[PDB]
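All remarks here apply to the structure that follows.
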Amino acid sequence: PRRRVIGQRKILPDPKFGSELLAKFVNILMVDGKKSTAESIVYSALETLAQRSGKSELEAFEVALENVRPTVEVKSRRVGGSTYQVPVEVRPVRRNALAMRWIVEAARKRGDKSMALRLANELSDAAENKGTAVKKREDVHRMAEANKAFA
Amino acid sequence: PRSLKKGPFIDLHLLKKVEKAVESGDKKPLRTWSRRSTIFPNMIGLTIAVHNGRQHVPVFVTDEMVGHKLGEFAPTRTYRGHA
Amino acid sequence: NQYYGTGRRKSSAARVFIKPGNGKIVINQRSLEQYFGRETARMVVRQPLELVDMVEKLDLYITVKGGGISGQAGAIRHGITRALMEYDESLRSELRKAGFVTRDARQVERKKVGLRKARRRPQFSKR
Amino acid sequence: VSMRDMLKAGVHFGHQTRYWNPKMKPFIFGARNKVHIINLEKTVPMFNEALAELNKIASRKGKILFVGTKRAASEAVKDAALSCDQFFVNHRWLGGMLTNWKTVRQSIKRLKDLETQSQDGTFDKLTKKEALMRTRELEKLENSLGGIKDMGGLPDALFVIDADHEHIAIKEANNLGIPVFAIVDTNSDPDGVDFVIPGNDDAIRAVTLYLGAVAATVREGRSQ
Amino acid sequence: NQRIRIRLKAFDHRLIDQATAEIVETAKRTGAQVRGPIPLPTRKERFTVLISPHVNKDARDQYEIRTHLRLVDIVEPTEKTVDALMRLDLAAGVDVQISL
Amino acid sequence: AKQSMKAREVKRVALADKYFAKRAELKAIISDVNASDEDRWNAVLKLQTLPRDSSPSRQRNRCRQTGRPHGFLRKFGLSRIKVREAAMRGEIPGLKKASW
Amino acid sequence: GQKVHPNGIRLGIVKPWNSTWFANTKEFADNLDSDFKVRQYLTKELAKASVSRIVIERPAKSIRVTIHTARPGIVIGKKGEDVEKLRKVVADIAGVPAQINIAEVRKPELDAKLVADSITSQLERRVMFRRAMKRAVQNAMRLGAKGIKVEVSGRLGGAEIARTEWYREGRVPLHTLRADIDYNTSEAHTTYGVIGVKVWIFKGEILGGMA
Amino acid sequence: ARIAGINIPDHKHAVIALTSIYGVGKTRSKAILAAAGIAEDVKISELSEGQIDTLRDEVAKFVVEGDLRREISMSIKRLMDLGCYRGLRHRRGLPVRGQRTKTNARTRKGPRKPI
RNA sequence: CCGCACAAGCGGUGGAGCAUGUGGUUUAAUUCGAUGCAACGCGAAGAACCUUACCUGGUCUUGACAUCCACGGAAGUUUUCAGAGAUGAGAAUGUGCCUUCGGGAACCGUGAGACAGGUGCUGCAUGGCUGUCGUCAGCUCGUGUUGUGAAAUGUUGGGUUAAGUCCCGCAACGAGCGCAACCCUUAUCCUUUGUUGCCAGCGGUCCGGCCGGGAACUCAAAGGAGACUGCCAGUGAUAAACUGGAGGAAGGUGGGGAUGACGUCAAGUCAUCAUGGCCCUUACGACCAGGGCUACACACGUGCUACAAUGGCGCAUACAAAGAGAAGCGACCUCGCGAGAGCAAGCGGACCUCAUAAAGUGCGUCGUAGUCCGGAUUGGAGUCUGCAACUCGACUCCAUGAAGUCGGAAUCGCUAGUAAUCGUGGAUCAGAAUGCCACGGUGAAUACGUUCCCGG
Ligand SMILES: [Mg+2]
Ligand SMILES: [Mg+2]
Ligand SMILES: [Mg+2]
Ligand SMILES: [Mg+2]
Ligand SMILES: [Mg+2]
Ligand SMILES: [Mg+2]
Ligand SMILES: [Mg+2]
Ligand SMILES: [Mg+2]
Ligand SMILES: [Mg+2]
Ligand SMILES: [Mg+2]
Ligand SMILES: [Mg+2]
Ligand SMILES: [Mg+2]
Ligand SMILES: [Mg+2]
Ligand SMILES: [Mg+2]
Ligand SMILES: [Mg+2]
Ligand SMILES: [Mg+2]
Ligand SMILES: [Mg+2]
Ligand SMILES: [Mg+2]
Ligand SMILES: [Mg+2]
Ligand SMILES: [Mg+2]
Ligand SMILES: [Mg+2]
Ligand SMILES: [Mg+2]
Ligand SMILES: [Mg+2]
Ligand SMILES: [Mg+2]
Ligand SMILES: [Mg+2]
Ligand SMILES: [Mg+2]
Ligand SMILES: [Mg+2]
Ligand SMILES: [Mg+2]
Ligand SMILES: [Mg+2]
Ligand SMILES: [Mg+2]
Ligand SMILES: [Mg+2]
Ligand SMILES: [Mg+2]
Ligand SMILES: [Mg+2]
Ligand SMILES: [Mg+2]
Ligand SMILES: [Mg+2]
Ligand SMILES: [Mg+2]
Ligand SMILES: [Mg+2]
Ligand SMILES: [Mg+2]
Ligand SMILES: [Mg+2]
Ligand SMILES: [Mg+2]
Ligand SMILES: [Mg+2]
Ligand SMILES: [Mg+2]
Ligand SMILES: [Mg+2]
Ligand SMILES: [Mg+2]
Ligand SMILES: [Mg+2]
Ligand SMILES: [Mg+2]
Ligand SMILES: [Mg+2]
Ligand SMILES: [Mg+2]
Ligand SMILES: [Mg+2]
Ligand SMILES: [Mg+2]
Ligand SMILES: [Mg+2]
Ligand SMILES: [Zn+2]
């Protein structure tokens with residue numbers, strides 16, 4: 002991307018709920034090209050949150066999303082030949098992407114003898130703003146606030 | 002491992018040498034190159050000089066060695082260690 | 004009284020014959036739930052009738068060869084789209100706007116000499 | 004052309020007094036509103052002398068090259084050559100067109116080959132993209148060399164509009180000895196024009212009057 | 003019986019096509035009805051060899067031999083047609099198998 | 002390759018022709034599912050006395066033009082080098098650079 | 002870098018093959034060996050007959066050799082004797098009934114193989130290479146070649162450091178497959194080793210592909 | 002329970018528990034259960050003593066634990082003192098089945114030793 | 001100013017075990033070559049013997065392979081002994097061809113020389129062939145012009161492109177080699193032909209396109225059609241072009257290949273071949289058996305399998321493509337736990353065989369453990385190929401069950417049907433793939449940008 006900026010590839014909406022957000026989620030935790038293997042974990046870990054953790058699975062998805070979304074991120078760029086940790090603003094769609102990418106990384110360390118159980122547990126815990134996933138967002142914010150001197 | 006159907010393999014010249022030896026009981030080392038021959042029971046008590054590619058190692062044959070190739074008891078490579 | 008459409012996806016060829024009736028679907032002498040174990044494949048096959056809102060007004064007799072179940076589902080969807088627009092011929096704008104007449108031509112890229120796979124390269128040995 | 008005929012067209016008009024060339028002093032009536040005024044009295048005999056030489060050249064099978072590269076006046080220069088059956092340059096002048104006649108002849112041959120090939124056929128044998136590309140090349144050559152495709156050899160006379168703008172052409176001509184007939188505004192250097200017409204060249208109407216008189220005189224020469 | 007089945011193999015389709023054309027032309031001028039040449043799947047035998055005589059292996063080229071097939075069935079042969087066939091010498095590049 | 006290598010190859014391919022039938026029947030006797038043990042034993046002992054060069058597995062496909070023992074192609078009988086330089090000269094019927 | 006053999010990349014596009022027979026795997030390598038030996042013997046015979054190429058067409062029960070040569074009278078001989086003689090011996094090595102046909106290259110100055118062998122024959126008579134190259138080029142251009150390129154590679158004039166010297170007139174587009182590029186390679190075994198000679202001759206683009 | 006010796010199978014599925022015993026593998030374990038008539042998925046808990054005794058008596062068919070280990074030590078020693086090539090490589094602690102030793106012989110040579 | 005060069009991402013390498021190559025060391029020999037990118041799963045598309053060039057020993061001297069001559073015999077064929085074999089010694093047969101009855105031919109043996117032979121040295125004497133910069137966009141020339149001239153201009157400038165692509169400008173105008181196009185393949189449609197392929201409408205069906213039949217559809221493979229910034233809108237210098245839109249299977253060189261300018265590196269190869277020179281010639285040539293190229297304190301490169309619940313195991317059940325086959329691929333059936341064996345049909349193949357794709361899905365189980373993860377290693381027992389598996393083959397079965405709990409500094413690949421993952425096939429080949437070459441299945445993430453590194 003040096004001459005023309007192509008940008009991110011467009012994606013089909015999720016088959017079960019017709020939502021691009023959840024489709025990108027299954028694309029972002031799919032391993033080795035195993036689409037059905039991943040979405041069978043996704044839909045179960047959302048059904049479990051539907052019945053007990055909240056009232057609606059699709060909206061609980063968002064209430065956990067914006068509960069882990071970061072706002073200001075240090076993207077290290079040397080302006081004039083000095084290591085400057087300049088803080089820049091994330092775009093909305095990249096914000097959602099970072100959020101889901103962090104929530105899947107949180108579910109990975111959960112253990113709990115399952116994958117659906119981990120995803121459900123951490124998606125809930127993040128929706129309540131008390132999850133291993135939210136700490137990385139506030140650490141991004143900590144590192145953004147430390148390096149304010151370079152604005 | 003050679004097929005049981007085929008049975009044990011032995012070079013014809015070595016078989017005839019061994020017959021002629023065990024007949025008269027020469028008890029003299031048999032200079033052979035047939036490392037690929039199986040040791041048959043009738044070779045027990047003989048001394049067979051098997052070629053290792055540079056010389057003939059005298060293998061004295063016992064009954065524990067029946068069912069093994071002559072080449073198995075003669076080393077070909079020389080390794081005294083790096084140091 | 005029978006409308007026909009051919010659909011191809013990822014080396015899969017799907018002959019689709021649509022006629023007015025109950026709404027039953029039969030793929031290679033098998034129901035839709037028998038032939039496709041996944042659910043994404045089922046909804047892909049059903050997307051055109053959903054869009055055009057003719058789900059109980061047509062019976063579908065489908066045969067498909069080649070490729071894999073996901074590729075076959077795309078081929079069946081392309082065939083159904085073609086048969087539909089050959090049925091009504093005014094649904095073409097609705098289907099094209101939904102991207103169902105795309106006939107996506109993505110196919111597997113050949114392996115190339117000096118490459119483990121097309122666009123894959125052996126390790127550079129650190130230097 | 005009569006002085007009254009020129010004056011109504013505005014032949015007396017010239018460039019600003021800020022922008023003039025030293026040798027043009029004899030041909031300048033004076034100045035008004037900081038504008039150089041060309042003396043029609045000097046212009047009318049010189050224009051008539053140029054016409055008489057052009058008629059003589061035309062009578063002996065003279066090939067005439069009308070020269071002008073002004074965007075607005077390009078069509079008029081092309082039209083004058085077409086009316087009297089002569090050759091023209093209306094697009095930007097190409098350096099060494101007269102001096103490198105051989106290379107121009109190869110370009111003329113290429114233009115002739117492409118047009119002949121399209122009429123003959125084999126465009127179907129060529130790929131549709133190739134046939135379209137050949138048509139684009141033919142069109143580009145036709146605009147550049149359309150006037151001189153049929154000139155055959157080096158021309159016998161040159162008619163130039165705004166001789167300062169076309170200075171390369173006159174330098175070439177003098178290097179070849181080909182005579183130069185040119186409308187010379189006050190800002191031009193008149194050394195290169197053997198039959199010099201001092202007059203406006205920026206105005207299309209003034210150029211049309213000179214071109215029409217020359218084309219009619221050349222046609223009279225052809226009729227004999 | 004009265005049924006001929008000829009198979010033509012070649013390395014060039016522009017030669018096998020004219021072979022089939024003239025064969026069905028002959029078989030037709032005697033009034034025998036024939037199935038027009040059935041294009042059977044062409045075989046693409048692919049070879050890949052090293053261009054470098056020594057050291058290089060990554061550098062190599064890929065050659066290919068495409069053998070073309072045609073099938074012509076003559077269903078009701080008049081006994082003049084059987085011999086009228088053998089009076090057809092096809093171009094050296096074509097191979098013919100005649101089964102009955 | 003050296004001339005002696007090609008001489009070895011032709012000797013091996015000739016010797017394996019005047020012993021093909023005897024070796025075939027001996028190997029048939031040996032691997033016979035039902036046979037006398039003594040008859041099988043004598044077949045095994047007779048199979049050795051034949052010249053060792055008479056077994057077809059001791060031949061090595063060498064390029065006919067040069068004798069190169071590596072890179073041989075059965076379809077042509079030439080190594081990868083002579084195959085290429087004949088192919089580019091148009092000497093191999095049907096062979097042609099491939100792309101797909 | 003290295004260039005693709007200009008004749009091989011046009012095989013089936015504008016150039017035809019030098020061998021036109023069909024064989025299955027059982028007979029293929031045998032037929033290749035027989036073609037090789039036929040060509041070798043025919044070259045060793047008609048070296049002085051200026052043969053340009055030898056095409057070989059095998060009918061099922063026979064072999065047919067066409068000899069494109071520049072001096073047909075020499076090879077056909079007096080009352081077709083030597084040619085007939087040739088037939089005999091090729092029928093001996095092909096192990097099959099044979100037939101020899103003679104074709105004349107009307108313009109020997111436009112057939113790359115003959116040009117190459119001409120230049121090598123001069124280089125083996127110690128003609129300086131620049132003269133041979135230049136006069137081959139202009140003899141080809143005279144006779145209507147759109148373009149020609151000649152290249153002599155090796156110890157030119159016996160110099161210890163080898164070098165390649167080439168000379169091109171007109172237009173020789175090597176990357177155009179539509180083009181009719183006639184290319185052949187020869188070599189002169191001079192007192193100081195081998196000198197290679199390559200020669201490309203462009204006779205104009207071919208439309209309609211093979212037809 | 003001590004089915005084959007001092008080692009005791011775990012309370013997990015019988016087929017896996019039988020495998021835990023030396024000289025018994027998943028195949029042998031299935032054969033032991035089939036002869037006993039016990040299923041493969043029943044645990045060692047919930048199993049009666051008579052059942053475990055028939056398990057012991059079926060295990061007694063094969064050579065297992067020490068009587069097997071001694072047998073495999075003797076087989077190795079036979080080669081080692083026989084002077085055969087394989088015995089030599091046994092005594093030098095090198096791969097005896099023809100694997101390369103220029104590299105990738107670590108599981109017999111043990112951890113790498115610098116110079 | 002461009003490039004997976006970086007950034008943004010995804011997955012690796014570096015740790016483990018093994019496979020493989022190299023260095024080193026060892027050895028009687030561990031044959032030779034390739035050595036920064038651009039050597040190190042490289043020559044080698046396949047070292048048990050052969051291959052084989054290496055070593056040990058046994059042997060030959062016009063010779064294993066060629067021509068020439070002389071002498072003696074048809075050629076060929078069957079068996080014995082000695083020997084590891086090479087070889088040495090022997091024993092058992094002919095008369096076909098024109099026969100100017102001379103003899104010559106096919107061959108074999110023997111003698112003498114001219115010679116053969118050399119994978120012997122030089123790739124710093126070479127041809128040919130190849131790598132590399134780099135598929136980077138350049139490299140030049142004619143004529144004109146400019147300058148006293150070496151030279152310059154064109155080829156720079158403004159824009160614009162993947163592009164020295166294109167347009168404008170301009171003493172330049174053109175051209176050549178490049179770039180693009182012409183070629184192959186892929187995506188849509190149409191025409192033609194319909195078996196061994198196909199089955200929509202029909203008649204029966206032993207419910208099998210199987211069988212009457214059908215030529216519609218899939219498909220096959222030959223010929224065509226189609227895409228060109230062609231159409232619209234905006235931006236732009238009324239330019240090129242760019243952005244967007246319509247239509248369309250396809251949209252801006254649609255995707256992929258082939259295609260590699262002038263030259264650079266005295267780059268690689270005298271061991272494919274050819275070749276100047278030098279060198280050996282009862283030996284540096286030739287034959288044979290056995291050994292070696294597979295060694296093993298170590299170091300490096302490239303790979304494979306893993307370390308697990310997105311998973312292991314059991315059972316049940318789906319959907320491929322591309323290929324190969326006659327000393328070949330080898331069904332069905334029987335036997336064997338199994339590798340396989342026996343018997344034996346078919347197929348030179350759209351027919352028959354290789355040949356059941358596997359990830360997938362359904363059910364059950366396992367419960368985070370060095371485990372029902374992992375499979376190294378070793379023991380016992382086998383099958384096949386092959387004269388022959390000791391050194392040193394592959395595979396099967398029983399048992400054994402290492403290290404390994406995601407890998408430091410550093411470093412590699414990749415921009416879409418790509419990465420990742422899952423199987424299938426082929427060449428070489430008696431046998432011997434984790435390599436190489438090809439094929440399909442499932443199938444992403446990210447690209448703000450051009451500061452830095454790397455190369456132009
Ligand atoms: Mg064993
Ligand atoms: Mg793939
Ligand atoms: Mg086939
Ligand atoms: Mg040689
Ligand atoms: Mg072999
Ligand atoms: Mg086991
Ligand atoms: Mg091994
Ligand atoms: Mg990066
Ligand atoms: Mg390491
Ligand atoms: Mg490692
Ligand atoms: Mg070494
Ligand atoms: Mg080496
Ligand atoms: Mg490699
Ligand atoms: Mg010796
Ligand atoms: Mg003997
Ligand atoms: Mg005689
Ligand atoms: Mg002699
Ligand atoms: Mg010599
Ligand atoms: Mg060099
Ligand atoms: Mg070197
Ligand atoms: Mg480029
Ligand atoms: Mg540039
Ligand atoms: Mg330049
Ligand atoms: Mg310059
Ligand atoms: Mg520019
Ligand atoms: Mg250009
Ligand atoms: Mg310019
Ligand atoms: Mg019916
Ligand atoms: Mg039809
Ligand atoms: Mg076509
Ligand atoms: Mg296009
Ligand atoms: Mg505008
Ligand atoms: Mg659209
Ligand atoms: Mg559009
Ligand atoms: Mg295209
Ligand atoms: Mg090109
Ligand atoms: Mg190349
Ligand atoms: Mg060098
Ligand atoms: Mg060397
Ligand atoms: Mg020697
Ligand atoms: Mg040997
Ligand atoms: Mg090796
Ligand atoms: Mg396991
Ligand atoms: Mg194979
Ligand atoms: Mg069974
Ligand atoms: Mg297979
Ligand atoms: Mg499963
Ligand atoms: Mg541990
Ligand atoms: Mg794979
Ligand atoms: Mg094999
Ligand atoms: Mg730089
Ligand atoms: Zn003016």
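Chains as they are written, first to last, in the entry's author numbering: chain G, 2 to 152; chain S, 2 to 84; chain I, 4 to 130; chain B, 4 to 227; chain J, 3 to 102; chain N, 2 to 101; chain C, 2 to 212; chain M, 2 to 116.
Beta carbons: idealized from backbone N, C-alpha and C, even for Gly.
On the CB-based measure, 16 or more other CB atoms within 10 Å of its CB, does residue i come out buried or exposed?
i, result
"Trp101/N", "exposed"
"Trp103/G", "buried"
"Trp167/C", "exposed"
"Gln110/I", "exposed"
"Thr50/J", "exposed"
Within the present structure, is the beta-carbon of residue i separated from the nearest heavy atom of ligand 6 by less than 7 Å?
i, result
"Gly24/M", "no"
Quick one: list the residues of chain I neighbouring residue i, beta-carbon separation under 8 Å, in chain order.
i, result
"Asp60/J", "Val116 and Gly117"
Residue i versus chain N: which residues are under 7 Å apart at the beta carbon?
i, result
"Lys6/S", "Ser32"
"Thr70/C", "Correct list: empty, because the minimum Cβ distance to chain N is about 18 Å."
Cβ closer than 7 Å: which chain S residues qualify as neighbours of residue i?
i, result
"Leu74/N", "Chain S residues near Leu74/N: none, gap ~34 Å exceeds 7 Å."
For a contact defined as C-beta to C-beta under 7 Å, what are the partners of residue i on chain J?
i, result
"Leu96/N", "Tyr65 and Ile67"
"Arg81/N", "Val51 and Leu52"
Which residues of chain C have a Cβ atom closer than 8 Å to the Cβ of residue i, listed in chain order?
i, result
"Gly91/N", "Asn8, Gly9, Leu12, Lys16, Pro17, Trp18, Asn19 and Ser20"
Taking Cβ-Cβ distances shorter than 9 Å, what residues in chain S pair up with residue i?
i, result
"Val11/N", "Within 9 Å Cβ-Cβ: nothing; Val11/N doesn't reach chain S, min ~28 Å."
How would you list, in chain order, the residues of chain N whose beta-carbon sits under 8 Å from the beta-carbon of residue i?
i, result
"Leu15/S", "The contacting residues do not exist; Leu15/S stays about 10 Å from chain N at best."
Can you list, in chain order, the residues of the region 44 to 77 of chain S whose Cβ is nearer than 7 Å to any Cβ on chain M? Taking 7 Å as the Cβ-Cβ cut-off against chain M, the residues of the region 44 to 77 of chain S that qualify are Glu65, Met66, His69, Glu73, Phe74 and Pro76.
Using a Cβ cut-off of 8 Å, which residues of the region 48 to 74 of chain N contact any Cβ in chain C, in chain order? Going along the region 48 to 74 of chain N in chain order, one finds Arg65 and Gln66 with a Cβ nearer than 8 Å to chain C.
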